[PDB]
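Q: Take a look at this one; I'll ask things after.
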Amino acid sequence: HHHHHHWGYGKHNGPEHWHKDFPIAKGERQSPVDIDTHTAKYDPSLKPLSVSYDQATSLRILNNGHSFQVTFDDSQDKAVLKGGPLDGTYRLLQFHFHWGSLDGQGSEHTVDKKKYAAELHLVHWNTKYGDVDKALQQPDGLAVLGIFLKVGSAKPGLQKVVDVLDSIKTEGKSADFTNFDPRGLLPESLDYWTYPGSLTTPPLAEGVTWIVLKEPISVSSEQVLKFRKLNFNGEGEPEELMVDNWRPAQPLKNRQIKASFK
Ligand SMILES: NS(=O)(=O)c1ccc(NCc2ccc(B(O)O)cc2)cc1
Ligand code: NI
Ligand SMILES: [Zn+2]
């Protein structure tokens, strides 16, 4: 009998191939999905999302070769998420983005089939499991907040991020990044869609409660061009621009997307 045991976004190792190392891709709970709003059953019993970033302590920003991420002190309930569909408190650990080679693509989730120019993921782990390592092993371990990005009007709360991207151009670079306020990345409304799903990068584990916000945030084509100057490659290796680091929509199968808003 068969016996089973690096990935990227290129043609040879991109999403179409991930299922071969990570057969959970063949599952029923993969992300991202297309959000079909005809079929998204509004639900009144979904509560306001309580985004409590009162005391958020950013630490580092870094280029991991797939994306950039900003990490937070997650030792205390300094930045948490509760309400919406979540049973309990989920503490923020990091945020990262996915984006395109051009403005017409970059988002992971789609809405009635439209792709936005980038998507922001805020990654939270369920405090009752004690840390992110134990949480990552559970069906209700993680909660990701997804925020769409469209081009036009510059986003101010993002300039602090964008001003340092040239210090972390290549894979493995990092910097101290303190006193960054994540609330300056939220849009005004917090109406959301929710469904059970997965990480969108390997290992593609199916323990994620997805919360996608209806309202995108806007950013200047100058800001998102800064995203596009990052490299997938390391210093001294041939240049390969960090673009199109998004997984395409996966089939919803027997799941239903719920809405918080009519
Ligand atoms: N793209 S996503 O679905 O938001 C996604 C979220 C999380 C993960 N991996 C899990 C994970 C946990 C901790 C850190 B860290 O730097 O402290 C990074 C990644 C993989 C994909
Ligand atoms: Ni065996
Ligand atoms: Zn992500």
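Each chain of the structure tokens is named A, B, ... in the order shown, its residues numbered from 1; ligands are numbered from 1 in display order.
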List the spatial neighbours of residue 23 (chain A) as a list in words - criterion: any atom at most 10 Å away, only C-alpha atoms, same-chain residues fewer than 3 positions off excluded.
A: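 So, after excluding close chain neighbours, the residues are residues 4, 5, 18, 19, 20, 26, 27, 203 and 204 of chain A.
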Q: Can you list every residue in region 92-250 of chain A that DSSP puts in helix (DSSP H, G or I), as a PyMOL selection string?
A: chain A and resi 127-129+132-135+156-162+165-168+182-185+221-227
Q: Quick one: residues within 6 Å of residue 177 (chain A), only C-alpha atoms counted, chain neighbours fewer than 4 positions away excluded, as a list in words?
A: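 Within the cut-off, the hits are residues 59, 60 and 61 of chain A.
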Q: Write out as a ChimeraX atom specification each polymer residue whose atoms come within 12 Å of residue 132 (chain A), counting only C-alpha atoms; drop sequence neighbours fewer than 2 positions from it.
A: /A:74-75,90-94,123-130,134-138,140-143,207
Q: From the list A:53, A:9, A:192, A:99, which residue is nearest residue 226 (chain A) when using only C-alpha atoms?
A: A:99
Q: So, with only C-alpha atoms and all ligand atoms as the atoms that count, which of A:65, A:48, A:139, A:32 lies closest to ligand 3?
A: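 For ligand 3, the nearest of the given residues is A:32.
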